[PDB]
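Scroll down for the structure; my scribbles are underneath it.
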Amino acid sequence: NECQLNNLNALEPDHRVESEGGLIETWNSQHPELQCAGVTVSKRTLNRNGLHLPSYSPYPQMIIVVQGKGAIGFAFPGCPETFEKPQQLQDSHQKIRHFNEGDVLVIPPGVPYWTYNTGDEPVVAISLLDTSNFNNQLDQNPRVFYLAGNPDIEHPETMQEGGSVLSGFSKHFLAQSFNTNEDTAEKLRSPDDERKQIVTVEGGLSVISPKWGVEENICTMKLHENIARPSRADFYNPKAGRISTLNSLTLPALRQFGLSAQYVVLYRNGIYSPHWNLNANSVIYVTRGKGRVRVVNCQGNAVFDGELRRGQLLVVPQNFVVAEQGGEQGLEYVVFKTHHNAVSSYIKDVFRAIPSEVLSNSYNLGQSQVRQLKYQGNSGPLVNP
Amino acid sequence: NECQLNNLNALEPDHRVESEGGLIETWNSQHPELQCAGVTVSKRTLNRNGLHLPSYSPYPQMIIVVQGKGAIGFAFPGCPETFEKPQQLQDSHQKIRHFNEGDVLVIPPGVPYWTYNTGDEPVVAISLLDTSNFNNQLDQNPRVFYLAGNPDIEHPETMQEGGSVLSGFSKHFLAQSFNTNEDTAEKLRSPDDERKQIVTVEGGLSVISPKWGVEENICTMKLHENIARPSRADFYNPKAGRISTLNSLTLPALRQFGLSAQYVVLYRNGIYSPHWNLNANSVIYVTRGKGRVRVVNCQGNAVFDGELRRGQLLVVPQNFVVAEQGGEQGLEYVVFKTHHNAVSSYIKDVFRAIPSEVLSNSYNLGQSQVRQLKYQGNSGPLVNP
Amino acid sequence: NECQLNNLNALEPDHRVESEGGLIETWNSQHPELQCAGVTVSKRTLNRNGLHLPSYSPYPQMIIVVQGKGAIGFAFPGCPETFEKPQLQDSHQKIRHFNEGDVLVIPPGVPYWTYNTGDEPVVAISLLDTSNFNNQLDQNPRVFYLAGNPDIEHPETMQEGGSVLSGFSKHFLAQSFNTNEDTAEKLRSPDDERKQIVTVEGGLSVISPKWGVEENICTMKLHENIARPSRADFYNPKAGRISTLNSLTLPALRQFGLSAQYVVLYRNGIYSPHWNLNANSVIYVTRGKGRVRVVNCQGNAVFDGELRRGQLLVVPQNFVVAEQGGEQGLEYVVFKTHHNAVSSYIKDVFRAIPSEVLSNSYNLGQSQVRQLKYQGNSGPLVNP
Amino acid sequence: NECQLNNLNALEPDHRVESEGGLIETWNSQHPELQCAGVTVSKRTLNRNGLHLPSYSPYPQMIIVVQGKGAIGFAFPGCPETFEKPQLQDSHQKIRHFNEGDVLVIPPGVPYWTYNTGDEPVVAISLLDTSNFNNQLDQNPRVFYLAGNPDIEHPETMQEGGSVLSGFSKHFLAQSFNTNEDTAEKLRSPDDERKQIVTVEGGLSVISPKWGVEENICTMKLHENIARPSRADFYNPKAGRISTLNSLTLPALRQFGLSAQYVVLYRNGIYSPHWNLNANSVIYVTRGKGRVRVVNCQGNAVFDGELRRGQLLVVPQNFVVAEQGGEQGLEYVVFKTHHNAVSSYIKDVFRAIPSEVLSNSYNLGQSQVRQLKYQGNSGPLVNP
Amino acid sequence: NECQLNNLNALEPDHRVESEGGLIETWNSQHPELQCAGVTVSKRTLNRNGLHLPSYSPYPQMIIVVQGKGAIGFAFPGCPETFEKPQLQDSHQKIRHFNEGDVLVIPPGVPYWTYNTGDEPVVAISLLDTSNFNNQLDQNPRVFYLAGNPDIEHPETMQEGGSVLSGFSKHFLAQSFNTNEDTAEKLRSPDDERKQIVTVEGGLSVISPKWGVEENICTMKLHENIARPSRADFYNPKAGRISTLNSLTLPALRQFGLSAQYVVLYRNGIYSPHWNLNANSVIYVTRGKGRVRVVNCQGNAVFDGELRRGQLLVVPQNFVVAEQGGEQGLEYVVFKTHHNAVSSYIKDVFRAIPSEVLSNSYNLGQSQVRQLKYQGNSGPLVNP
Ligand SMILES: [Mg+2]
Ligand SMILES: [Mg+2]
Ligand SMILES: [Mg+2]
Ligand SMILES: [Mg+2]
Ligand SMILES: [Mg+2]
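Just so you know, the sequences run in chain order B, B', A, A' and A''. A prime marks a further copy of an entry chain. Quick note on numbering: the first sequence equals residues 7 to 93, 106 to 178, 200 to 251, 321 to 493 in PDB author numbering. Quick note on numbering: the second sequence equals residues 7 to 93, 106 to 178, 200 to 251, 321 to 493 in PDB author numbering. Quick note on numbering: the third sequence equals residues 7 to 92, 106 to 178, 200 to 251, 321 to 493 in PDB author numbering. Quick note on numbering: the fourth sequence equals residues 7 to 92, 106 to 178, 200 to 251, 321 to 493 in PDB author numbering. Quick note on numbering: the fifth sequence equals residues 7 to 92, 106 to 178, 200 to 251, 321 to 493 in PDB author numbering.
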């Protein structure tokens with residue numbers, strides 16, 4: 007009965023991990039709303055020259071960059087290092115991908131990744147940790163395997200200290216394994232490192248990049333897409349707002365990760381009429397502004413009815429009906445959905461699909477009243493009252 | 007250990023919901039047999055002019071109409087209203115599908131649907147609610163989201200009153216959302232409606248129908333097929349009975365819903381020899397007659413051994429061996445299976461696949477005895493003793 | 007440049023084969039229109055007690071039954087005989116019943132036979148998808164009979201003949217099938233003058249209620334009604350109806366590259382200008398008469414005239430077509446060479462394009478544009 | 007034997023169509039090279055306020071925008087009008116914006132229109148995949164215009201013309217669209233002398249932020334940037350960069366059998382000997398100049414010369430090719446007739462083969478072999 | 007009408023290429039039979055210490071090894087060198116061992132080389148699937164050698201030649217591969233008179249036990334034994350055995366459109382009348398002799414005669430064929446142009462059809478019909 011919730015709360019971060027080069031804030035995965043959704047969320051901040059040390063988790067992550075710009079690099083197993091710099107190579111590594119605010123990034127399960135702030139302002143990103151994803155064969159707990167550094171626990175609720204996976208091996212064995220000296224091997228264990236999982240790169244970081321076979325396809329799996337730019341809108345009403353969808357039809361990698369998302373922008377008083385998601389739980393994170401949100405369950409009860417503003421997280425269970433109205437300054441938010449091609453339906457459109465007399469007898473309405481419901485007013489889900 | 011059942015009971019409806027235009031009977035989803043199967047069942051009756059108000063659930067439903075005739079209409083999101091009637107349109111809606119006794123209907127997860135009795139006798143349908151379906155991201159509880167009316171709870175065991204999803208919103212907000220007046224909006228909340236989920240349409244219902321791009325495919329997803337007609341038999345022995353299979357190879361939509369079924373008709377003394385389902389749990393609902401049924405588990409124990417008659421439900425767990433023999437008046441039943449292409453095997457056929465000497469040494473049988481088992485008698489699963 | 011056609015003709019059968027229990031009429035596969043579409047057509051009539059002897063072809067066939075009722079049986083390789091009557108008096112694969120309005124699908128290489136179970140004759144029109152990707156021989160229609168002594172159904176290809205079994209000696213057939221020379225001789229149909237469709241005196245009798322690998326593949330759905338009023342996917346009570354049959358309704362079609370639609374236009378009903386995005390089409394009028402127009406990429410009406418019952422008209426991929434029912438309406442089936450053929454009607458296109466793009470495109474005023482987009486019924490079926 | 011070519015030529019447009027708001031230049035589809043690859047190319051220029059009238063073709067088109075910025079709109083059949091401005108002043112399908120460096124994909128049979136939103140003209144090169152499996156007509160390029168009075172863009176195929205709507209009478213158009221004869225007459229573009237690309241005086245205005322089935326299919330991604338420096342999949346700061354665009358980045362390509370790469374070579378940068386395993390390729394130089402060599406199975410350089418901006422060069426499947434940037438570098442797009450074209454460069458091949466196989470193959474000493482395998486950069490982009 | 011063949015011939019190689027370490031014999035791709043099937047065949051013999059230099063072709067090849075033992079290595083693009091011997108003395112991709120009875124599959128565009136590891140010569144028959152959908156060039160067989168100075172293996176297509205590397209200058213090769221002119225000169229095989237198969241004096245030595322992307326794609330299964338007695342899918346100890354190799358046993362075949370069967374008939378053993386539903390077939394006799402008969406749709410035996418070791422016989426899709434082992438039996442491989450070719454034998458067909466349909470079809474009595482259906486072994490392999 008994990009989703010038999012009579013109340014839904016707007017949630018904010020519960021735990022904080024302050025590092026040399028940044029901050030990591032996590033929502034406790036044990037909140038009943040998040041347990042129903044089968045996910046948890048993590049907000050990461052990379053300060054100037056901030057470098058998030060390489061790590062991987064046993065489930066996919068969908069991240070939206072809400073501030074700043076940087077680069078992310080993955081370590082795909084067995085793939086060639088297509089970025090090379092001659093000194106005889108002086109260095110070579112895999113493709114460096116750049117991201118900006120409004121972009122969504124996807125981290126594959128088990129694939130190592132690192133990120134770096136390439137701008138002046140701090141990078142702020144919100145990550146949906148899809149812990150319940152079918153690909154996670156461990157358990158519901160969020161887990162982060164660091165390949166470097168001496169991290170602090172990011173999800174403390176699961177401990178009921201941190202260390203890299205390399206610190207679990209002796210320097211002697213690492214020395215032999217990696218055909219290196221024990222001095223190098225000891226450093227690989229981060230024995231005296233006190234910077235934690237996000238460090239500051241003094242002097243700035245330098246990597247091979249134009250801007251700063322298997323290689324053509326798989327090894328270059330597209331893992332980022334802008335979702336917030338106005339021009340990418342899929343639904344639009346100049347006087348109400350816009351809705352943009354990012355799913356497996358845009359980012360094919362999502363098909364195997366069971367995740368998709370939408371970015372919604374509602375202008376002052378703009379309304380996103382009553383709608384529901386047919387095949388997925390959803391998690392709203394407000395990126396800006398404020399608005400009135402209402403979520404109704406199968407008993408016609410509003411499990412949530414209140415203001416929702418920047419920084420808050422609100423779970424909308426599969427099939428529950430939700431509606432939003434932009435406040436004074438409008439409202440913007442991303443909605444993570446636990447399906448690679450999540451589909452929703454809005455009630456206005458439903459009325460149009462049902463025969464006039466079915467509607468009349470259902471709501472005891474007159475022919476003219478029904479007609480006005482099915483044919484009058486703007487057609488889309490975005491309404492300017 | 008949800009399926010470690012040492013006993014299986016023939017089950018009948020536990021709860022009843024009497025409405026103006028019909029009746030809804032449900033089997034408690036907490037019976038251990040149903041918990042093992044990961045499903046529950048609901049029997050619906052639409053009286054003359056009976057209209058089942060529009061609703062949707064977060065899992066698929068496979069329904070078999072055992073009596074009467076009517077029409078069902080769905081509300082596919084974003085699809086065009088291909089049925090239109092000029093007065106300038108006087109009304110338009112989506113395709114109306116007709117059904118008759120012996121037909122199976124499939125309801126997609128999250129898709130709204132309504133049904134209406136177009137004949138004189140009442141429509142009686144038995145619905146398999148596939149609550150454990152992978153697409154249900156909530157929890158095991160059955161749930162019905164009504165878009166209209168003031169319903170009573172159909173699965174009371176989950177409350178440990201009813202209302203439409205629209206009654207969860209204020210008339211003022213619905214008024215703005217749907218660009219209508221507050222009078223219409225208040226009626227949309229069904230504030231004074233006491234008819235419940237199945238209403239009687241006085242004077243009969245009228246909808247657009249010849250009989251009473322995306323539109324060509326998806327928006328017209330085939331969601332009904334006759335399963336009981338004699339001529340649709342897949343296995344047949346004039347002196348024993350018949351077996352008909354309905355799976356994803358006949359109704360492609362079933363591939364995504366993980367459901368299939370069979371309709372079996374056994375004549376007097378007709379036998380459906382010992383067989384089992386390799387990849388799916390099964391739920392038998394007797395539509396007519398009576399017969400002796402035996403279910404044996406992995407310890408060689410008959411967890412069920414008795415008469416099974418019209419109206420009773422019997423779960424047959426995956427891999428358990430079952431056999432049926434038509435009684436005096438014969439036996440007819442539908443079997444819902446929780447796989448889009450459920451496959452079964454009958455022991456007679458198994459003997460034929462195993463080498464004679466493997467059989468001899470397995471059962472201490474003589475060469476002649478084995479030969480008679482593998483080659484003598486009718487070949488199929490339907491036996492006339 | 008097989009489709010660089012400046013003219014399209016309404017075609018009727020050009021060849022006929024008279025047999026004891028029926029008739030087979032075919033359209034010459036060499037007509038420029040049929041060559042562009044990469045198919046040919048065949049009309050088969052089974053008289054009372056008529057039986058079409060077992061045969062198979064290296065490509066799929068989509069058949070619409072326009073009259074009568076009957077049964078069709080296939081021989082799926084290696085599949086068990088699930089129909090049996092108790106030693107076994109007899110056993111055979113599933114028997115499938117059909118009626119007028121039904122569409123049957125014949126898989127490539129799979130033997131099938133048909134029998135008329137009613138009094139009136141069975142009349143069926145078959146689209147022989149010769150250009151199908153599964154046909155690795157050549158674009159010529161071919162029929163491999165397993166029995167009888169047939170006459171060539173498509174003579175244009177030759178530019200006599202027996203069953204495939206007649207190509208073997210009775211001696212070898214006797215050894216192969218572990219049978220005696222007497223039976224083996226008969227398997228070659230040496231003195232059979234009945235041709236491919238025979239009359240079963242006394243009537244045919246088979247195992248059937250009304251008259321593992323099994324559960325699925327071995328008994329896959331190969332027939333579906335397409336003409337019933339209630340099956341309409343598009344409908345305007347004052348104009349007509351359109352029904353679509355594709356891989357979403359009949360899964361096997363996914364592998365055969367074929368789909369169809371059944372159109373019924375009432376008096377003066379119009380199926381407004383539309384085109385198929387991904388497939389060539391072949392119209393066969395089953396009833397009535399109406400005006401049909403087909404326009405190519407140069408804006409030329411390669412066809413502009415009446416089309417009546419029994420006539421065939423090819424509509425090439427992307428060519429724009431429109432139809433209007435005559436005094437007694439018009440009904441027709443449209444075979445399309447794609448498992449999920451998609452069409453688009455111009456009215457709907459106007460709705461998708463911005464007003465000013467339309468205004469500047471056709472030199473129209475905002476008002477007139479508003480007219481095209483929001484006035485009238487929105488569907489493709491129009492009541493003028 | 008269309009590809010049994012002993013010679014390959016660098017080709018430039020041979021035909022041109024001047025219209026009011028733009029220009030269309032095409033390469034003759036009959037060049038032996040283009041026939042072997044089964045495609046043709048078209049360069050389209052939209053001048054300021056230029057609008058390319060609605061049209062569709064029976065095959066997919068892959069377009070790279072080499073200059074300017076604009077908007078492209080498609081008309082997906084049966085899809086809802088998700089862009090609306092409040106009765107509705109107007110509503111239409113999604114508007115997609117593009118800039119130089121972007122690749123656009125046009126689905127078969129789907130109408131599309133484009134508009135220049137900037138001051139400089141929009142220049143785009145389109146690969147018309149005429150041999151695509153979805154094209155069931157013939158290998159001839161065809162353009163079905165929904166509006167205007169166009170001139171033939173590919174005249175070689177004829178060996200006048202209007203919109204598909206001009207093929208209908210104004211009377212029938214009036215009845216079909218429930219409109220008056222006046223509007224219907226205009227829908228036929230009878231006195232339009234502007235041709236296929238027109239100039240929108242005052243500028244075009246549409247619904248857009250900057251200027321169910323919806324969520325997915327109805328709004329599928331049909332454009333992606335391929336030329337930005339940051340999108341490089343291969344990179345050597347001293348030699349150049351290679352970017353790949355295929356079905357893994359743009360899903361729709363899976364159904365259209367097309368992919369591409371954008372190559373940028375710096376001064377004297379070399380893209381070492383490589384070949385495409387599963388597709389024919391067509392290079393179009395967007396900037397600079399360089400030496401290109403193409404070798405067939407006989408070890409003959411069917412092409413060995415300079416290739417500069419605006420020139421087209423076909424590289425047949427499996428033929429080995431190499432390029433070297435000139436004094437000012439070389440940039441080019443390569444269209445490939447496969448949704449996921451795979452290539453292989455010889456340097457990498459040496460690494461995969463055992464030393465002694467190599468030694469015995471080329472009569473080299475262990476030392477020299479060691480040279481080929483482990484010395485130098487490992488990638489395909491070489492700085493000599 | 008390439009398959010409208012009234013006659014089929016048993017074919018033997020017509021051309022030969024003698025090289026230092028082996029021999030290559032080919033069948034002319036222009037034989038009417040081979041053109042109908044859309045393929046050609048090649049027999050390759052590697053003498054002791056023989057090495058077939060690296061090469062690749064724009065279509066898949068299915069090869070059955072009829073004699074000897076050896077190793078085959080491929081060069082998968084961008085894949086890591088997982089075989090290494092410690106700086107690295109050397110590293111290269113996986114080495115795959117094969118023996119007689121094994122079938123090897125060569126992917127389109129992928130370089131491969133083979134080496135004889137035994138004393139007796141390796142003899143292999145290769146089905147060159149030139150008509151494969153992946154081949155976007157033309158139906159001509161082509162071999163792109165990466166090394167050596169080969170002679171044309173399929174001369175009929177020309178109606200000299202070197203390696204693809206010989207098409208480049210040594211200067212450019214030196215720059216491309218970061219090597220010196222000396223090595224580069226050698227990469228062009230200028231004074232090599234050994235041809236495509238060379239003799240490795242002293243024997244070849246490679247990394248191998250016996251002599321991420323890795324785990325999967327980069328090391329996909331490309332070989333499987335098909336001839337071992339124990340692998341039989343069909344078996345009658347008194348008649349023979351049939352083994353099938355398709356995409357269900359070797360996944361890669363799904364992408365190459367090929368499958369095969371290995372048939373062994375004992376003395377007088379019969380493979381009763383059967384046909385392939387979805388593919389053309391090419392028989393190659395590996396041992397013995399027997400009577401083969403092929404009947405077309407007119408009931409004419411387009412082939413009726415003996416077929417012995419080393420002979421090739423095409424059996425077109427849907428044509429009915431039967432074989433009977435001679436005094437010393439008959440063994441043969443059958444290549445089929447479909448990843449999952451399906452066949453059907455007439456005996457099984459009789460079992461699927463109702464008694465009365467059969468009675469009326471062949472004018473047989475209930476008794477005789479009962480004979481065909483239930484008497485004798487039920488399988489396709491018959492002991493007369
Ligand atoms: Mg929302
Ligand atoms: Mg049962
Ligand atoms: Mg039509
Ligand atoms: Mg290139
Ligand atoms: Mg054979």
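Beta carbons are placed, not taken as given, at the ideal position from N, Cα and C, and that holds for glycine.
Continuous alpha helix (DSSP H) stretch holding residue i: start and end
| i | result |
| --- | --- |
| residue 2 of chain A | With chain A running from 7 to 493 in the structure shown, residue 2 of chain A is simply not present. |
| A''/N469 | 464-471 |
| A'/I455 | 455-461 |
| B/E221 | 221-226 |
Residue i CB to nearest heavy atom of ligand 6 below 7 Å
| i | result |
| --- | --- |
| A/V430 | You won't find ligand 6 in this model; what it holds is ligand 1, ligand 2, ligand 3, ligand 4 and ligand 5. |
Cβ-Cβ separation, residue j to residue i (assumed contact under 8 Å), whole Å
| i | j | result |
| --- | --- | --- |
| A/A143 | A/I69 | 5 Å |
Assigned exposure category for residue i - 16 Cβ within 10 Å defines buried
| i | result |
| --- | --- |
| B'/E432 | buried |
| A/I114 | buried |
| A''/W33 | buried |
| B'/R460 | exposed |
| A''/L357 | exposed |
Between the CA atoms of residue j and residue i - distance to the nearest angstrom
| i | j | result |
| --- | --- | --- |
| A''/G79 | A'/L14 | 33 Å |
| A'/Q480 | B/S110 | 19 Å |
| A''/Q106 | A''/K250 | 23 Å |
| A''/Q10 | A''/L439 | 29 Å |
Element boundaries [beta strand (DSSP E), containing residue i]
| i | result |
| --- | --- |
| A''/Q67 | 67-73 |
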